[PDB]
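Close look at the chain arrangement
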Amino acid sequence: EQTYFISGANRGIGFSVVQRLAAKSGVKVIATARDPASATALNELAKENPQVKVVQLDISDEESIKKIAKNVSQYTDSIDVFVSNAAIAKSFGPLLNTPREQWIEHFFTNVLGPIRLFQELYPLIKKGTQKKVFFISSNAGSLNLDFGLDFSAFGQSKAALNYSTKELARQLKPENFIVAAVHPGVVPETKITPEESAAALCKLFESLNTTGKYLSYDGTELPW
Amino acid sequence: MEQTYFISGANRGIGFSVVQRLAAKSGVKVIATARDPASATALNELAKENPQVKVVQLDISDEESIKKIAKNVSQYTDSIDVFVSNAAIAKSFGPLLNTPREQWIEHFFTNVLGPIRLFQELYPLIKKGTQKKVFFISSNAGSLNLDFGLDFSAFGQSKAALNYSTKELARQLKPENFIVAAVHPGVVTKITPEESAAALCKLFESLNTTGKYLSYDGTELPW
Ligand SMILES: NC(=O)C1=CN([C@@H]2O[C@H](COP(=O)(O)OP(=O)(O)OC[C@H]3O[C@@H](n4cnc5c(N)ncnc54)[C@H](OP(=O)(O)O)[C@@H]3O)[C@@H](O)[C@H]2O)C=CC1
Ligand SMILES: NC(=O)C1=CN([C@@H]2O[C@H](COP(=O)(O)OP(=O)(O)OC[C@H]3O[C@@H](n4cnc5c(N)ncnc54)[C@H](OP(=O)(O)O)[C@@H]3O)[C@@H](O)[C@H]2O)C=CC1
Ligand SMILES: O=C1C=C2C(=CCO[C@@H]2O)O1
Ligand SMILES: O=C1C=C2C(=CCO[C@@H]2O)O1
Ligand SMILES: O=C1C=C2C(=CCO[C@@H]2O)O1
């Protein structure tokens, strides 16, 4: 058996990933939503496949993250594959035109949120077998790619989390953790369906055997 | 031919040494900032002896202080030739699991948001200037592609985040002929603050291309 944990599972790639794991035999899935009672798709998913466990998480709300270890501990003794998926993407374009609020929100939600989530869930991951850790990042997060676009707070936040992911990989290598930053695709770079992003992500999540990688969905490396 | 320099965090360290180096140059006006100017003893004495050195208050962690910096600089000058975001903190190193919430937050507000907001407030003054030079004092520890065998935690993450946004800014302001750089001032193989300041002032004067990540000697660093 393997416990997978996915934040932001109510819709998007996160829902598509949970949908797909719900298929795989002997897979337990802790799936989070900000508002589980409005998570119509995902409550139905869990009712048909009750190995899918639904759980409250707002990654922008420290009081929500302060409860995530108990909330997950209701359903499991461990986590094999942690996925920080929940995230926002609200501000793009020039720096002179990006207000304080946008920088602050992208930091708390996209950088602090995941770091606090991993910190809270590290004890549970440490007791698991696979010790796999996936921050859903973005290719716009690279300090060494040029898309001919500005990503403002969005890009900054993905780069900030990339930096810390890189360090965390170094830091946990001794404990045989597999730590990766992963660009899931776009759902101009070719867009893919959420179910396509999910399928490639599930494959990467099972295939990846080395730490400190920055991966695109298809398994090819990106520059940091 | 007169040039105005803006230096955040001028009360001590590299900042003090840069203002001290600039104070020696003819036709260079220096707007030097301190969180608490009344206790900025060395800086106030420099300003007492060299009237081309103007001391203004700035806390870059504080929106209310940032909201005032443009009007306050404007009393002492109509333009900025060279903008130097030097003020910053370095209080968080070591492993992610030992780094509490408040170190991430403080390094974000002081080292990312502050420099960003400070540039936004002071851009009009810089546009009106001749040199249009914009330096963010960063760190080689912020590179995504250097390995020092050290964990830089919130310090390192904040310099990476400022580096990403600096590089974007260099693209955005290329059409207005701004020069934007992120600059590692050295470790103060260690050097002295005065050595760092000598090298940085050479660099500020010579850099004629935007979007570079540089060390104090003018050699390039990878982002
Ligand atoms: N897909 C793309 O085009 C690209 C996206 N990415 C990454 O892929 C992921 C995108 O996921 P996807 O579901 O497809 O995106 P969506 O924009 O469709 O939704 C984001 C998800 O995160 C949740 N969420 C947002 N804010 C919070 C919060 N503060 N607390 C908790 N949950 C929150 C949303 O829940 P709610 O219903 O409450 O809003 C939702 O489940 C992110 O990690 C993103 O960084 C990176 C590269 C490109
Ligand atoms: N080894 C090194 O020297 C390295 C340093 N750097 C960078 O060099 C720069 C300066 O370093 P150094 O001179 O040695 O630093 P010091 O610690 O000696 O001095 C830091 C300066 O920043 C000011 N500052 C701190 N917080 C604030 C704030 N909230 N508002 C306004 N000013 C503030 C300090 O003011 P106060 O006295 O009031 O606290 C002081 O003037 C920084 O940008 C730092 O990131 C990066 C790479 C390596
Ligand atoms: O330019 C972009 C980048 C993204 C986007 C949508 C939200 O996710 C990507 O960050 O528009
Ligand atoms: O998105 C955000 C922004 C903040 C937050 C919580 C702590 O206060 C921050 O402004 O979540
Ligand atoms: O150093 C900081 C930290 C904060 C701040 C302003 C807004 O609240 C943050 O805690 O400056």
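Residues numbered from 1 in each chain as written, not as in the entry; some residues may be left out. Chains lettered and ligands numbered in written order. Heavy atoms only, no water.

1. Points about the site of ligand 1
All names here are of chain A. Inspection of the region around ligand 1 gives 24 residues, with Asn10, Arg11, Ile59, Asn85 and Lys158 positioned closest. The separation between a nitrogen atom of ligand 1 and a polar side-chain atom of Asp58 is 3.0 Å. For ligand 1, the accessible surface in isolation is 910 Å², of which the surrounding protein chains cover 82%. The class makeup of the residues in the shell around ligand 1 is 10 nonpolar, 10 polar and 4 charged. (Near = heavy atom within 4 Å. Polar contact = N/O pair within 3.5 Å; in protein donor to acceptor, adjacent residues only side chain to side chain. Areas by Shrake-Rupley, 256 points an atom, 1.4 Å probe, with all protein chains shown as cover. Nonpolar A, V, L, I, M, F, W, Y, C, P; charged D, E, K, R; others polar.)

2. Structural notes on the environment of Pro51 of chain B
Along the chain, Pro51 of chain B falls in the loop between α2 (41–49) and β3 (53–57). For the pair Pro51 of chain B and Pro115 of chain B, spaced 64 residues apart in sequence, the C-alpha to C-alpha distance is 26 Å. (Helix = DSSP H or I, 4+ residues; strand = E, 2+ residues; numbered from the N terminus.)

3. Some remarks on empty space enclosed by the protein
In this model, the largest cavity occupies a volume close to 100 Å³. Around the largest cavity, the lining comprises 13 residues; the ones closest to its centre are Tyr163, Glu167 and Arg170 of chain A together with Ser143 and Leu146 of chain B. Residues belonging to the lining of the largest cavity are distributed by class as follows: 7 nonpolar, 2 polar and 4 charged. Taken together, 13 residues form the lining of the second largest cavity, with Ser142 and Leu145 of chain A together with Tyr164, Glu168 and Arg171 of chain B sitting closest to its centre. In terms of residue class, the lining of the second largest cavity is built from 7 nonpolar, 2 polar and 4 charged. (1 Å grid on protein atoms, 1.4 Å probe; cavity = no way out; pocket = protein on both sides within 12 Å on 5 of 7 lines; lining within 4 Å. Points joined across faces, edges and corners; volume = space filled by probe spheres on them.)

4. Structural notes on the sheet that holds strand β5 (residues 133–137) of chain B
Residue and element names in this part refer to chain B. Judged by pairing direction, the sheet is parallel, and its 7 strands sit side by side in the order β3-β2-β1-β4-β5-β6-β7 without closing on themselves. Looking at strand neighbours, the two that pair on one side only are β3 and β7 (212–215), the edges of this open sheet. Between one strand and the next, the sheet's axes are offset by a mean angle of 20°, whatever the strand orientation. Its contacts with the sheet place helix α6 (residues 193–206) against β1 (3–7), β4 (82–85), β5, β6 (179–184) and β7, and it is angled at close to 150° to β5. (Pairing = 2+ DSSP bridges. Axes fitted to C-alpha atoms, helices over the stretch in contact; angles between N-to-C directions. Contact = heavy atoms within 4.5 Å.)

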